[PDB]
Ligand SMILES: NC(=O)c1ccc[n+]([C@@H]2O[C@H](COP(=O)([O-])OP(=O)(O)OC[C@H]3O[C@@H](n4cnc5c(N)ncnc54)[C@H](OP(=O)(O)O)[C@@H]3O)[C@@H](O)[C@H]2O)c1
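First comes one chain, alone, set out as structure tokens in the form deposited without this ligand.
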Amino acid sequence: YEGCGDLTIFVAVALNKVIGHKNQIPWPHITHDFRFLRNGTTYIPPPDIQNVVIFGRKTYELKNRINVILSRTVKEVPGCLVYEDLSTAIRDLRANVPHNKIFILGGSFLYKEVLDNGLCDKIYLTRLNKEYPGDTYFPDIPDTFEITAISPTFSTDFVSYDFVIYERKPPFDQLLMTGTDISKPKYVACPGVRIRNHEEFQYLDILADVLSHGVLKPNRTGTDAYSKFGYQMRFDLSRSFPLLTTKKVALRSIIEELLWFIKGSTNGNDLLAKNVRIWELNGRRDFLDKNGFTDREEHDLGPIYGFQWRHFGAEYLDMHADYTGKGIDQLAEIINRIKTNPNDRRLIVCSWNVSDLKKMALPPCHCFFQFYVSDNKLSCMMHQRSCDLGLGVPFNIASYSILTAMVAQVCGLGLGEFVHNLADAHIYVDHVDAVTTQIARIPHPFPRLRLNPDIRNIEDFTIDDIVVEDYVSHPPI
């Protein structure tokens, strides 16, 4: 295979490695993916030259490109060049047919032959987060390749997906003009990935930033933490559901917790009854008496989140009390105001009720969020005063992404962005090794969120009405 190196693959691959079913594409058409494949395969560095596109006899369909077929069962096709061998086809085109670049568009045998003889330098692979029935498969990529580029996660009504590139294996004034010493972070997330458009990299980079540059200082828990202050992350909720994929995150507890905030409950038995334990330790006899709540029942958590959302300013008594018509129903008012005046700049739910702090088991961590409406899409921004990057923050991202999607449905709006402000972002010293493993993992396409579309009031959502589809993740750490 002399002179047949540097061939580029384009392919779309399901989660179970299927690329074809009965000579057809095993999934419903992804228009986006064909826009992508076209754009990549027609690009000419900046007169009438074209790129070459090669496929096997099976691949049953291309404009503005040279088409080359590999068959031993046909030598004539309308419009196409035909060859019996890959060896023969590459040598011939590169000597006698003037072109820019050669792409390989498929048949498993074409891909296996291209891969087995080390003839491919680059693979543009559309990753689909779903298994599809099939009979034709993309061969395993040899350990000789790594992913160097990742796009944002996208989605259709039936799958989430992205594009990757696999490949084989700074001017002085930019340093001088910082004003600081001219002469490398101890930790870098996925150093091999050079084009880093997956939203999850926002999170990996922050982990890496805190471990590299955070100050080791103490805190209320006893265990110390590396800490740094001030970050902002954004997630496009029209596109994907930002549930982290570099480790497995379970959401059942997060969703029950959100629903419980929405019901305005301060009763921790409501969660335990569903075997949700997030809040258990903070409702126990020990923790309560230690924090001065001698006179309160176990699992009475005080006027925390849910109380503030539905009853801000009401006098708290106990978790059994009736607070209907008491205090200000922030959540209800703000949903109403979104429907009635989407341009309002005060679409805020504040849990940081300063008067009620002394009565709370834990003062709120996600203290404050604000909605925004622009072109019929709902955005949300949330302030998080204390941010556990090891264990906490990933649940918080999902929670407020789900809430925003919930509020958008009931208000008849599309989805914009969740913007998450982190104040004291920290990694506890015990988690340094878990995190080091995490930032080394290449992220999968994010999942999608599907809400029951019949639900028209925020109070009517239940756990079955909130489904995350197509969640592929690395193992739990």
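Each residue number is its position in the shown sequence, starting from 1. Whichever C-alpha set is largest while still superposing within 1.5 Å between the two forms counts as the rigid core.
S.K.: Where the other entries model residues on both sides, is residue 170 skipped in at least a third?
M.R.: Across the other compared entries, residue 170 is absent from at least a third.
S.K.: If I compare the deposited sequence with the modelled residues, how many are absent between residue 46 and residue 47: none, 1 to 3, 4 to 9, or 10 or more?
M.R.: Gap between residue 46 and residue 47: 4 to 9 residues without coordinates.
S.K.: For the stretch from residue 73 to residue 74, please bin the deposited residues that the model skips: none, 1 to 3, 4 to 9, or 10 or more.
M.R.: None; the chain is continuous from residue 73 to residue 74.
S.K.: Per the entry, where is the mean C-alpha temperature factor higher: 385-393 or 136-144?
M.R.: Here the higher of the two C-alpha B-factor means belongs to 136-144.
S.K.: Determine, for stretches 64-72 and 445-453, which one has the higher mean CA B-factor as deposited.
M.R.: For C-alpha atoms only, the mean B-factor is higher in 64-72.
S.K.: Per the entry, which of 50, 409, 421, 438 tops the list for Cα B factor?
M.R.: If I rank 50, 409, 421, 438 by C-alpha B-factor, first place goes to 50.
S.K.: Checking the entry, which one of 126, 308, 197, 108 has the top C-alpha B factor?
M.R.: Result of the comparison over 126, 308, 197, 108: 108.
S.K.: Looking at the C-alpha B-factor of residue 270, is it in the lowest, middle or highest third of its chain?
M.R.: Middle third by C-alpha B-factor.
S.K.: Among all modelled residues of this chain, ranked by Cα B factor, put residue 83 in the bottom, middle or top third, i.e. lowest, middle or highest.
M.R.: Answer is highest: the recorded C-alpha B-factor places it there.
S.K.: Lowest, middle or highest third: where is residue 103 by Cα B-factor in its chain?
M.R.: For residue 103, the deposited C-alpha B-factor lands in the highest third.
S.K.: Based on the deposited C-alpha B factors for this chain, I'd like to know if residue 429 is in the lowest, middle or highest third.
M.R.: It falls in the middle third of the chain.
S.K.: Report the third (lowest, middle or highest) to which the CA temperature factor of residue 172 belongs, ranking only the modelled residues of the same chain.
M.R.: Its C-alpha B-factor belongs to the highest third of this chain's values.
FYI, the form solved in complex with this ligand isn't displayed, but the following is about it.
S.K.: 325-333, 103-111, 146-154, 292-300: which one contacts this ligand in the bound PDB entry at 4.5 Å, heavy atom to heavy atom?
M.R.: Of the options given, it is 103-111.
S.K.: Check for me: heavy atom within 4.5 Å of this ligand in the bound PDB entry, for each of 8, 99 and 118, yes or no.
M.R.: Verified in the bound PDB entry; spot residues all out of contact, no.
S.K.: Using the partner position in the bound PDB entry, report whether residue 52 sits within 4.5 Å of this ligand, counting heavy atoms only.
M.R.: Flag for residue 52 set to no.
S.K.: Residue 24 near this ligand in the bound PDB entry, any heavy atom under 4.5 Å?
M.R.: Yes, residue 24 sits close enough to this ligand in the bound PDB entry that at least one of its heavy atoms falls within 4.5 Å.
S.K.: Do residue 72 and this ligand come within 4.5 Å of each other in the bound PDB entry, heavy atoms counted?
M.R.: Answer yes; at least one heavy atom of residue 72 falls within 4.5 Å of this ligand in the bound PDB entry.
S.K.: At the 4.5 Å heavy atom threshold, is residue 270 in contact with this ligand in the bound PDB entry?
M.R.: No, residue 270 is distant from the partner.
S.K.: Just to be sure I understand the contacts: of 353, 245, 136, 227, which is the one whose heavy atoms reach within 4.5 angstroms of this ligand in the bound PDB entry?
M.R.: Contact residue from the list: 136.
S.K.: Could you tell me which one of 315, 84, 173, 140 places a heavy atom within 4.5 Å of this ligand in the bound PDB entry?
M.R.: Selected option: 84.
S.K.: Residue by residue through 39-70, which ones have a non-hydrogen atom no more than 4.5 angstroms from this ligand in the bound PDB entry?
M.R.: Heavy-atom contacts to this ligand in the bound PDB entry: 56, 57, 58, 59, 70.
S.K.: Which listed residue (311, 366, 228, 296) has a Cα shift of at least 2 Å between the shown form and the other one, rigid core superposed?
M.R.: Residue with a C-alpha shift of 2 Å or more: 296.
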